[PDB]
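Here's the structure, in structure tokens; my notes come after.
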Amino acid sequence: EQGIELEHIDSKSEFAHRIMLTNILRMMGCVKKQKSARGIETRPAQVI
Amino acid sequence: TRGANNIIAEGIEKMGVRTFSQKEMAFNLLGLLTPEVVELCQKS
Amino acid sequence: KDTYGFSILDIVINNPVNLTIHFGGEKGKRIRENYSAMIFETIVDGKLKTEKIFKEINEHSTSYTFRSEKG
């Protein structure tokens with residue numbers, strides 16, 4: 001994202017925010033759901 | 001990290017600040033996957 | 001599950017060929033210490049020799065896999 005100030009926040013900015021925050025959180029939630037469904041408590045995934 | 005933002009990296013380093021390359025930054029990130037740092041992350 | 005981190009019910013139901021126990025987190029460390037504690041002791045020449053079960057488990061071990069041919 002270049003040259004997108006507060007007044008320029010638009011579809012591209014919202015999509016980038018989705019990629020970089022919301023879908024990351026969804027991905028960790030999905031890994032959590034898979035591990036819980038398989039009953040895994042002692043093998044955590046390290047989210048860097 | 002050095003891959004516009006590179007021409008000034010030398011100037012930022014003249015004041016003691018440290019700038020990393022992609023390899024150095026990857027080394028730092030992989031240092032966080034060591035068993036001891038993994039165990040630390042599991043702790044908290 | 002509490003002691004060794006495996007389900008005998010799951011083993012009976014599914015009969016997996018291999019089963020991996022993982023030692024991550026506090027519960028994983030507790031299970032690992034439980035795995036390391038058990039030892040087969042033998043009396044040779046009136047001396048109490050100790051043989052550690054699970055050779056491939058130690059303070060730095062992150063998991064242990066049960067190996068079987070068919071199940």
Side-chain angles (χ1 to χ4, degrees), chain A, chain B residues 1-5 17-44, chain C residues 1-29 31-39 52-71:
Chain A
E1 286 158 312
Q2 306 84 8
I4 300 168
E5 316 227 290
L6 183 81
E7 60 270 17
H8 305 309
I9 287 161
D10 204 346
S11 197
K12 184 179 182 181
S13 314
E14 192 177 9
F15 182 64
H17 189 97
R18 206 200 192 190
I19 287 159
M20 274 142 93
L21 192 271
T22 312
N23 273 25
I24 291 182
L25 293 169
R26 283 217 195 75
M27 190 168 356
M28 324 168 30
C30 282
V31 172
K32 153 63 182 180
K33 281 184 298 230
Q34 296 290 335
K35 289 183 180 294
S36 295
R38 287 167 182 72
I40 299 151
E41 311 296 345
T42 59
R43 197 225 188 118
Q46 183 181 327
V47 191
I48 291 164
Chain B
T1 309
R2 304 188 307 271
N5 221 42
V17 156
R18 186 57 163 70
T19 304
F20 312 95
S21 63
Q22 307 227 271
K23 275 185 175 296
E24 293 172 357
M25 206 74 252
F27 173 73
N28 304 338
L29 292 163
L30 295 158
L32 298 166
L33 287 167
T34 54
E36 41 270 3
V37 180
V38 170
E39 190 256 319
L40 179 77
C41 286
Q42 290 171 3
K43 246 143 37 163
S44 63
Chain C
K1 284 172 161 177
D2 300 334
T3 313
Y4 310 103
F6 71 89
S7 171
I8 189 67
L9 275 167
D10 192 271
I11 292 165
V12 170
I13 285 152
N14 307 282
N15 191 13
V17 183
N18 302 84
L19 182 98
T20 315
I21 312 307
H22 299 280
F23 309 137
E26 190 235 347
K27 178 171 172 56
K29 265 73 187 185
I31 289 155
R32 192 175 63 194
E33 253 325 290
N34 269 322
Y35 268 95
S36 301
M38 67 167 22
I39 48 172
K52 232 173 175 59
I53 308 168
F54 309 112
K55 302 334 173 44
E56 57 265 24
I57 289 180
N58 48 285
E59 278 87 311
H60 289 319
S61 181
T62 206
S63 59
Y64 171 83
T65 310
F66 288 100
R67 301 281 154 75
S68 58
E69 191 72 0
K70 305 190 79 177

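Below, all heavy atoms of this structure are taken into account, side chains as well, without hydrogens, waters or symmetry copies. Note on naming: letters A, B, ... go to the chains in the order of the sequence lines (proteins, then strands), and numbering restarts at 1 for each one.
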Would you list the pairs meeting salt bridge (charged side-chain N to carboxylate O under 4.0 Å, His left out) in which at least one residue belongs to residues 34-48 of chain A, sequence neighbours left out?
none

Is a side-chain donor or acceptor of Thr42(A) paired with a backbone partner of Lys27(C) at a separation under 3.5 angstrom?
no

Which atom pairs, one a donor and one an acceptor, fall under 3.5 Å between side chains of residues 18-33 of chain A and the rest of the protein, sequence neighbours left out?
| residue | atom | partner | partner atom | Å |
| --- | --- | --- | --- | --- |
| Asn23(A) | OD1 | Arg26(A) | NH1 | 2.6 |
| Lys32(A) | NZ | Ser36(A) | OG | 2.8 |

Flag yes if more than 12 heavy atoms outside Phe20(B) fall under 6.0 Å of its CZ atom; otherwise flag no.
yes

Side-chain donor-acceptor pairs of residues 8-15 of chain C under 3.5 Å, sequence neighbours excluded:
| residue | atom | partner | partner atom | Å |
| --- | --- | --- | --- | --- |
| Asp10(C) | OD1 | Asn14(C) | ND2 | 3.3 |
| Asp10(C) | OD2 | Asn14(C) | ND2 | 3.1 |
| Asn14(C) | ND2 | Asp10(C) | O | 2.9 |

Do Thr19(B) and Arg2(B) touch side chain to side chain, with heavy atoms closer than 4.5 Å?
yes

Kindly list each side-chain donor-acceptor pair under 3.5 angstrom involving residues 32-44 of chain B, sequence neighbours excluded, with atom names and distances?
| residue | atom | partner | partner atom | Å |
| --- | --- | --- | --- | --- |
| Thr34(B) | OG1 | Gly31(B) | O | 2.9 |
| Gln42(B) | OE1 | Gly25(C) | N | 3.0 |
| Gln42(B) | OE1 | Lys29(C) | NZ | 2.9 |

Output all residues satisfying side-chain contact (heavy atoms from CB on, under 4.5 Å) with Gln22(B), sequence neighbours left out; order by chain, then residue number.
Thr1(B)

Drop me the distance from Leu30(B)'s CG to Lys23(B)'s NZ, to the nearest 0.5 angstrom.
10.5 Å

In residues 54-71 of chain C, what donor-acceptor pairs under 3.5 Å come from side-chain atoms, sequence neighbours left out?
| residue | atom | partner | partner atom | Å |
| --- | --- | --- | --- | --- |
| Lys55(C) | NZ | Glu51(C) | OE2 | 3.1 |
| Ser61(C) | OG | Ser63(C) | O | 3.2 |
| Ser68(C) | OG | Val17(C) | O | 2.3 |

Inter- and intrachain pairs under salt bridge (charged side-chain N to carboxylate O under 4.0 Å, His left out), touching residues 26-35 of chain B, at least two apart:
none

Residues in salt bridge (charged side-chain N to carboxylate O under 4.0 Å, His left out) with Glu24(B), at least two apart?
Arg18(B)

Shortest non-hydrogen contact from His8(A) toward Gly3(A):
CD2-O, 3.8 Å

How many angstroms lie between CD in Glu7(A) and CD1 in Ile9(A), if you round to the nearest 0.5 Å?
8.5 Å

Counting only N and O atoms by type, is there a donor-acceptor contact under 3.5 Å from the side chain of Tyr35(C) to the main-chain atoms of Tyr4(C)?
yes

Sorted by chain and residue number, the side chain to side chain donor-acceptor pair (under 3.5 Å) partners of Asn28(B) (sequence neighbours excluded) come out as none

